[PDB]
Amino acid sequence: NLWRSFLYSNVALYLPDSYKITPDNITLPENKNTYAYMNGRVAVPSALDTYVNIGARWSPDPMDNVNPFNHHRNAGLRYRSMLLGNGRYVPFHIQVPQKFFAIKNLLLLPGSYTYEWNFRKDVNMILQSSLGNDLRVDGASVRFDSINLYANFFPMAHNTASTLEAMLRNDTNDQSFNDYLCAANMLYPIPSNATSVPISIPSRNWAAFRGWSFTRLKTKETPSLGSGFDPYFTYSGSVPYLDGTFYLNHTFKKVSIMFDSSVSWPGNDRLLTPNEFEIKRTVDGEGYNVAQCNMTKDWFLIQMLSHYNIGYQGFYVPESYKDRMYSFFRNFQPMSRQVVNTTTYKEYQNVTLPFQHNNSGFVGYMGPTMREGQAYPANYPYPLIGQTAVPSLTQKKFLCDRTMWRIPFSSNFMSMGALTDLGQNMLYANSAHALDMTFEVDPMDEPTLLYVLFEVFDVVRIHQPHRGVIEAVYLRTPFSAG
Amino acid sequence: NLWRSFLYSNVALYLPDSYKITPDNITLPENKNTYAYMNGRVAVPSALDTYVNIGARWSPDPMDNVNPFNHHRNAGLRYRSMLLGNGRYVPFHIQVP
Amino acid sequence: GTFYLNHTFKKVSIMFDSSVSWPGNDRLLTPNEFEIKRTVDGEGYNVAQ
Amino acid sequence: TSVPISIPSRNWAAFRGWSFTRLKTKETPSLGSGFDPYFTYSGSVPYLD
Amino acid sequence: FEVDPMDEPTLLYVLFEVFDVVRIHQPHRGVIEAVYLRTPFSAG
Amino acid sequence: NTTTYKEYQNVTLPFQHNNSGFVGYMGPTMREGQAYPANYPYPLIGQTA
Amino acid sequence: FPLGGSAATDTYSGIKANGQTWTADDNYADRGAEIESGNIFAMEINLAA
Amino acid sequence: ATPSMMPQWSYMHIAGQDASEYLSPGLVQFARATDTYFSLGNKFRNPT
Amino acid sequence: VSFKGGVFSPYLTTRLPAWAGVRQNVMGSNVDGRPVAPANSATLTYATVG
Amino acid sequence: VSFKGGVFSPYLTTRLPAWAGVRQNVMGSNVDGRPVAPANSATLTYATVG
Amino acid sequence: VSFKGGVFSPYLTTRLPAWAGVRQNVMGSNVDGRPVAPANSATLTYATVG
Amino acid sequence: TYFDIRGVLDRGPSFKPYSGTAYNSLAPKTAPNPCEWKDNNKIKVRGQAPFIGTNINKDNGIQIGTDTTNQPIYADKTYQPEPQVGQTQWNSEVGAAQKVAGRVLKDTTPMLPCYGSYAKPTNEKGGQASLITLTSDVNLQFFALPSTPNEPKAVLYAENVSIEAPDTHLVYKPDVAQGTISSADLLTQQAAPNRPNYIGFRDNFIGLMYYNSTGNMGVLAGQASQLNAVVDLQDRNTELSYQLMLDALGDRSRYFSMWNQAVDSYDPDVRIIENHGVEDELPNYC
Amino acid sequence: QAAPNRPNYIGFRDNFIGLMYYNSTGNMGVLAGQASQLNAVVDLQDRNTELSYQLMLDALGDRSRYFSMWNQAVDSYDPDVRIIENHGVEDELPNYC
Amino acid sequence: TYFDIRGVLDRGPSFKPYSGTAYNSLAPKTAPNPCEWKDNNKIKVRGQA
């Protein structure tokens, strides 16, 4: 019984708006993404009640698309949203960091410095709802009172604080540092059951760089980050593009990369299918299934390696200091099933969801209701076990959220520093030639958009030649700004 | 009630024989290692219930010389059967040292 | 040259080599688009009424 | 009626002319895969013939 | 291009005429080395 | 709230109930009373917050 | 739910059809044939709270 | 064609000298004596 | 015109630029709560100023 | 949205790459004879292994 | 296939070349006055010569 | 390197990867099915009655439907009154001019408690009753009150379904002889699920590639010599040796999948039962 | 029948991100000399810097530790609600009032 | 150097942090509060006292 409510009120209540049939005699608002609409959508218990995929580890079919980050048992949201108070009216007093990189770690030398930012007091982006609604339609207006800057000055002694300031104003002593995840993003709109898109950016010097990170995310959950104000931002919760929280990460069918529309990459038949970074094989073949899911051997070899240099010397469990939270390996978990055969079992005759009955006169019919019906035997599932012995066939798809696929721009795909030998191979030439990418992808009901990081060097450099001036000579090679 | 069923699901079973009781007039098999023999045998709750030897973190004495790895909360033996379906006909695909 | 659908533009961007945009290096107030038309006042850029 | 086709820039040294024709979609097996489902038309594919 | 419209979906077959030359040589007995290219559309 | 809020009553521990016929009164005694709506916890949630 | 799923097993004195009126079947044993009426005599826990 | 001869990679410390080498010796002699309490060294882009 | 073979996007996808209007055109909302017109509608061609 | 002038493909056509799934999505067939699901269907996202 | 978000043309637009047939396919007209077939029609694949 | 192995495994008739059952689990462990049971010639039921209808026909149906042009839509025999739909108001008011329904299961079947009960569907729309031939044997079983009889009270249909119990083991079978299932005292008949084991593979695939065997061993050797590089004795426990080498090298607590390695580990609330009693400091009510 | 309204958690976004305009070239800010006024920060439409402080402190420190000031929480759902691993139900004997 | 802000947050009516209710939570989720209704010009009560 308490396992049942752990399946109704935790997973079965999170089906998308195809399911969750509205009950009778209560009318619901039109807007479809308020809380006034998502309160009355009553999920059916008799879909994944307690008997679904029984004794397996299978996430159900419409759980491919919903994140576990709109979740009301989100243990971060258990902590953040109650650190304020349990009520509608909260006089918060919070402290934001300085998280832009190039003036974060920059130690500042003596003078006088005009310093500005600006704060996003629209209410959809400042807040993270769990279930997500039109958070400004319901009316949740945050207002600001008086906004400051606390600063901690180290009490450095005057024999040294006047020595160091005359030391960090040379050319060669200056401050210069990267951005972690040095990259450029290029986010592409792959519309709503489009099974594949092509991609081009034309004809640039690929001077020195390493790695391509790329993932998928729903266009309902992206900002229009260019404009300050943003209309149309319907859903306000657990935005992947900002939170580092990717969950359509596993819905790439086949990925391929072609420089110049002629030459493949890596070429030379290094990988087994060199015109192909196949990533989820949906056919048997002659065996390309790492770890009992459908991830292939050609791509697990360069998604176990590129984070850890595992691979050619054993497929051992990676070290815990290298295994982080946003790593690939910690979240990659396979699955399986035994779905009933629709062909061989001659007595197979499927039952539509209003007519499947377990706990026949011990449940409600449609939605959680009182006692009705009569005690009686069951229909679904067909028993996969034992003397009954229905013929079966398996299913082998995975999900690896929370991280990004990475293709290191290398010869042997090895992370061997900032540069790569094949990264700085093009400076030995002078080519500046284009690429095309085509991403075969899982079709979906929602318009969805495709994210690409060209993980390209992002280096700033500052020095203060006098008391008060500060100049910031930037560089990004390639994908520059001038 | 819930801690009562915790003992019987987990620890009041896995007792060696002459402690389980064959019920009335069922046709249990004869081989000690067949599933259907250790299936139909039913252990008594009163021998190891929520009242016995409370206050001591005691491995109970006939259970002491039993595997704790035949036990079904074996999270590295429970894991690998979840990893390979939930039924009879399983077409595996494995990688061996 | 008698063009009369010329006011129907809303915003215009421009980029070189898919990465660097132009005029570049933050010349204009909003540099990575040329907002020929702004249908929301907000802070208010509606010059010449 | 029309299809525009572009390839990006490169050197154009030592290439002869062109060849272009038209093929029904069923008449062209996607050759790069090992096995190719959806390929039904067993009807003397001009892509290979 | 401009093609005549048809109900059945048809795909087009642009085929360039870039050279595609191969050269082999072998120094010793149980060896072969094939050094080759096609220019343009080279594999580098 | 206490000061600005209008109808704030001073209900205390003997005069305070939800689950009115469902929880025992003043201890883990067996439960008594009848069913009746709650009074004490002010909602802080909804239109009546 | 009660022990057995039995609420009020009233004897419904079995009968077999015949044209426009019917009576007196052989094999129904009229003093015993008991079913329920409505649903199961069910009572409720909120075992989560 | 060397990474080192490209000037904007030594000017940005993409490829070039480690932090113990391109800084003036008056700074590294200070930086290894105050790293216990006033840590500077996450600012200088050790190039790999 | 009348695809009938549902392989979709054979066409080169250019990135969506960063502003409001090229992402969706669902029934949006202003910052206090009244709904704003979609970009399909010709209502949003004049500066509605309250 | 609502073309009404039937000049079609003004858009730059990128080549279809060589694999199964970017050519059509008609009701295909496995090598012994049962039909395989089209690429439009969400059935073909898990490895059906008999 | 089934856009439902009406942001349109994310695809790279190539210029229309200069001839008749890539601009529209409305019911045109010959120089004396009889109507000519649209380019959608398969009538305009043979040289109609009066 | 590794070895890639493909094949099809049977898992035995004793797989059971879950405790409890998936077939009428929330139903009590003791409550019986709504069956008949057979006398020398007579019948006795214990069933129940959802789906309060309005007007029985002669031998057609129950009149649930109400169309416009006087079309009383009746009940299909193999199909409805369906066992999971009924009264939702707790004022049934049954005993008025309205009449009641059900599906009481016939005695060609065996009999079983409601817990762990199952019968395969025989028609796609929900279809309980099994066929003989196309006649799925469902008759118009009628009943009528003692107070004013022969105006009937409950038509409720009969089935000869294939009843099977995929996980029960029949604790308390009563004292009924051979060849009599669905007897009088056979109603009692509680059940309990089977003990869940797990027919998985072995940890780290130890034993699949058998080491430490004098003879019937394997050889790494070049073709130019066939001088073997493996010498396998009897006493060198190499199967064990790679296990707990990964303890001395890496993490045991992490569940890897491609090697299929995951530690055979108990729960410290199982081997060591730290017994503390229960939290019942207040009473808990229905 | 009163079923409860379903709960959500209105809270501040983790690491307070989105509360300062980043990469909105035009809505940026500047650290600049009081006498010199020149931009010591220019910004781009690309070059995500919310995926570069968040996800940066994942490398140096950890993130599974909760935190007060900057509300640096986790987003960790537990791994048995996305990937449900059912035991069936934990009963082997009755249970009742 | 970190900023701080302060002010008032409004959160909307749609907060409800806790799952389930806190108002008469131990009730059976079908039972009514003791009330009545107008029959025609007349009230019959369903209460308990």
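Which chain is which? They are A, B, C, D, E, F, G, H, I, J, K, L, M and N, in the order written, and residues in each are numbered from 1.
Everything that follows uses one rule, which is that a contact is a pair of C-beta atoms (placed from the backbone, for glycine too) under 8 Å apart; a residue touches a chain by one contact, two chains touch by 3 or more.
> Name the two chains that are joined by the greatest number of C-beta pairs in contact.
Maximum number of inter-chain contact pairs occurs for A-M.
> Taking all protein C-alpha atoms shown, work out their mean, then name the chain whose own C-alpha mean is nearest to it.
So the chain sitting closest to the middle is A.
> Express in whole angstrom the distance between the two chain centres, defined as the mean CA positions of subunit A and subunit L.
It comes to 38 Å between the two C-alpha centres.
> Report, in whole Å, the distance between the mean C-alpha point of subunit B and the mean C-alpha point of subunit H.
64
> Of all the residues in subunit C, which ones touch at least 2 other chains?
Residues 18-19, 21, 25, 32-33, 40.
> Could you check subunit K for residues that touch two or more other chains and list them?
Only 1, 3, 5-7, 10-12, 14, 21-22, 25, 39-40 qualify.
> Quick check: in the complex, which residue numbers of subunit K touch subunit J?
Contact set of subunit K toward subunit J: 1, 3, 6, 8-9, 11-14, 16, 21-26, 38-40.
> Quick one: which bits of subunit A touch subunit D in the complex? Just the residue numbers, please.
Its residues touching subunit D are 200, 202-203, 260-261, 275-276, 283, 285, 433-434.
> Give the list of subunit L residues in touch with subunit G in this complex.
Interface residues on subunit L, with respect to subunit G: 27-28, 30-32, 34, 39, 41-50, 52, 58-59, 86-87, 90, 92, 94-95, 100, 102, 104, 114, 140, 142-146, 149-150, 152-154, 156, 187, 284-286.
> For the complex, which residues does subunit L have touching subunit F?
So the residues of subunit L touching subunit F come out as 281-283, 285.
> Across the complex, what residues on subunit M touch subunit L?
Interface residues on the subunit M side: 86-94, 96-97.
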